[PDB]
Amino acid sequence: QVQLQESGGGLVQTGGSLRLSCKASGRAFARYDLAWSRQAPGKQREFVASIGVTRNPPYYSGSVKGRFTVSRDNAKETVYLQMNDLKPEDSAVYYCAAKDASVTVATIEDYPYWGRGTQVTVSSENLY
């Protein structure tokens, strides 16, 4: 049983960066896979990045390839999403989800534990 809270959202100029964090509360943080997802208004929620509990490299959507880095600090019960070279198309609510690493699922939508999401807006309008 784990509770998740995203933070680090904002409104950022095109070409800028953010780092989202997803803080877990509950037992055995080290036994959970964690996944980042994003949802734009009127669109299906989509996979961004996932990180496991082994040495293995994380997984990334083709939509972010190379721009994004997911990482975990097991001591801080925190997963991060560094987001570089942001574009307007990256605007969405970003969500973190957790599932026990031994459980196999067909979709990220089957992860049991979700945060409330953090809003990311990327704007080429120089209000910066």
Side-chain angles (χ1 to χ4, degrees):
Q1 280 300 334
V2 85
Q3 308 187 92
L4 300 175
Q5 175 142 281
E6 304 90 336
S7 58
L11 165 63
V12 62
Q13 181 171 29
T14 298
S17 292
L18 291 163
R19 188 165 94 181
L20 309 191
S21 45
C22 171
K23 172 49 180 273
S25 302
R27 309 299 176 282
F29 183 66
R31 294 286 337 127
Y32 288 96
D33 293 332
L34 289 124
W36 290 104
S37 214
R38 71 188 182 177
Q39 188 164 213
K43 305 215 190 176
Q44 279 204 105
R45 160 104 95 350
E46 70 167 336
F47 179 79
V48 173
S50 68
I51 188 156
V53 297
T54 87
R55 298 219 92 258
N56 284 328
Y59 302 150
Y60 294 90
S61 177
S63 307
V64 299
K65 233 191 333 199
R67 294 187 298 123
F68 285 21
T69 303
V70 60
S71 68
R72 72 190 292 160
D73 186 343
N74 274 344
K76 285 185 201 211
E77 308 177 299
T78 301
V79 60
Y80 308 88
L81 183 68
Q82 174 77 200
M83 310 162 60
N84 298 320
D85 307 319
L86 283 168
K87 309 179 273 247
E89 306 98 81
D90 291 313
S91 299
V93 183
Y94 284 71
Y95 294 91
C96 60
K99 75 155 181 69
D100 162 53
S102 59
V103 178
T104 304
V105 296
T107 174
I108 40 83
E109 293 301 326
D110 301 305
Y111 281 45
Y113 304 126
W114 285 82
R116 66 132 170 275
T118 183
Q119 176 67 44
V120 171
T121 306
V122 183
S123 158
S124 301
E125 177 56 286
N126 305 163
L127 61 114
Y128 307 102

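For this chain, numbers begin at 1 and follow the sequence in order. What you see below is based on every heavy atom in this structure, not just the backbone, and it leaves out hydrogens, waters and symmetry mates.
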Test side chain to side chain contact (heavy atoms under 4.5 Å, CB included) on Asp110 and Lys99; report intermediate values, then the result.
CA-CA 9 Å; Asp110 301 305; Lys99 75 155 181 69; over 6 Å; no
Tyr111, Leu4: one ILVMFWY side-chain cluster at the under-4.5 Å cut-off?
no
Report yes if some heavy atom in the side chain of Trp36 is under 4.5 Å from a heavy atom in the side chain of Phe68; otherwise report no.
no
Report yes if the side chains of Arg38 and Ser61 come closer than 4.5 Å at any heavy-atom pair, otherwise no.
no
Just to verify, what does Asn56 make a side-chain hydrogen bond (donor to acceptor under 3.5 Å, both in side chains) with, not counting sequence neighbours?
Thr54
Qualifying residue, where the test is side chain to side chain contact (heavy atoms under 4.5 Å, CB included) with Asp33 and the options are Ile108, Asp100, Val53
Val53
When you compare the side chain of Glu77 with that of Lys23, does any pair of heavy atoms fall below 4.5 Å?
yes
Note, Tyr95 side chain near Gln39 side chain (heavy atom, < 4.5 Å)
yes
Donor-acceptor contact below 3.5 Å, side chain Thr118 vs main chain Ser7
no
Give me the atom names and distance for the closest heavy-atom approach of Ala98 to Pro112.
O-CD, 3.2 Å
Do the side chains of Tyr32 and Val103 get nearer than 4.5 Å, heavy atoms only?
no
Can you confirm whether more than 12 heavy atoms, excluding those of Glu109, are under 6.0 Å from its CD atom?
yes
For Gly9 against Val120, the heavy-atom pair lying closest together
CA-CG2, 4.4 Å
Closest heavy-atom contact between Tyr128 and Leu11?
OH-CD1, 3.0 Å
Can you tell me how far CG of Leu81 sits from CG of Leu18, rounded to the nearest 0.5 angstrom?
9.0 Å
Give the cluster check for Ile51 versus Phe29: same hydrophobic cluster or not, with ILVMFWY residues linked at side-chain heavy-atom distances below 4.5 Å.
yes
Separation between CZ of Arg19 and CG of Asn84, rounded to the nearest 0.5 Å:
11.0 Å
Tell me whether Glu89 at atom CD has more than 12 heavy atoms from other residues, nucleotides or ligands lying less than 6.0 Å away.
yes
Are the side chains of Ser17 and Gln82 in touch, meaning some heavy atoms are under 4.5 Å apart?
yes
CZ-CH2 distance between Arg45 and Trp114, expressed to the nearest 0.5 angstrom:
3.5 Å
Ignoring hydrogens and angles, state whether a donor on the side chain of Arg116 or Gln5 is under 3.5 Å from an acceptor on the partner side chain.
yes
Is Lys65 close enough and on-axis enough to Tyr60, meaning under 6.0 Å and within 45°, for cation-pi?
no
Nearest heavy-atom pair of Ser21 and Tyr80: which atoms, and what distance?
CB-CD2, 3.6 Å
If every non-hydrogen atom of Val12 is compared with every non-hydrogen atom of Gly16, which pair is closest and at what distance?
CG2-CA, 4.2 Å
Here the gap from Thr78 atom OG1 to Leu20 atom CG, rounded to the nearest 0.5 Å, amounts to 12.5 Å
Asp90 vs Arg67, test: side chain to side chain contact (heavy atoms under 4.5 Å, CB included). Steps then yes/no.
CA-CA 11 Å; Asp90 291 313; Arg67 294 187 298 123; 2.7 Å; yes
I need the minimum non-hydrogen distance between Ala40 and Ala92, along with the two atoms involved.
N-CB, 3.8 Å
Backbone N/O of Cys96 and side chain of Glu6: donor-acceptor pair under 3.5 Å
yes
